[PDB]
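A single chain comes next, written as structure tokens; it is the form deposited in one PDB entry.
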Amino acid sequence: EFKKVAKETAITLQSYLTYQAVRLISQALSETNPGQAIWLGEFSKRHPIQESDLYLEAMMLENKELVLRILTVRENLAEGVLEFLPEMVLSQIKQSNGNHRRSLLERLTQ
């Protein structure tokens, strides 16, 4: 029952999947149309993918076709990845937690 945190994490996740889409598409383009990939690279320097909506809106001024392609790719990733995440993250934290704990307590002894 921490909504503020759920909200901010969801929003973060949204932008991250957006970035994750741009990553895939960038690789694709680095093969197919290099000149366009160079553009995408430097575009992403001028605009933080962290504000994905501001990023996408900004892109509309330059390459509408890509925006659309991003919107699609991002949603597919979302479908493919989202459901596996809770189990995945929870046990990662658990394992990480254990290792830090056992490590920190060993330092006290040693």
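Numbering starts at 1 and runs along the sequence shown.
Just going by the entry, 51 to 59 versus 81 to 89 on mean CA temperature factor gives the higher value to 81 to 89. Across the two stretches, 17 to 25 and 97 to 105, the PDB entry reports the greater mean Cα temperature factor for 97 to 105.
Separately, the form deposited with a partner chain bound exists; it is not shown, and the next lines address it.
Residue 49 belongs to the set of residues with a heavy atom inside 4.5 Å of its partner chain in the deposited bound form. In the deposited bound form, its partner chain sits within 4.5 Å of a heavy atom belonging to residue 44.
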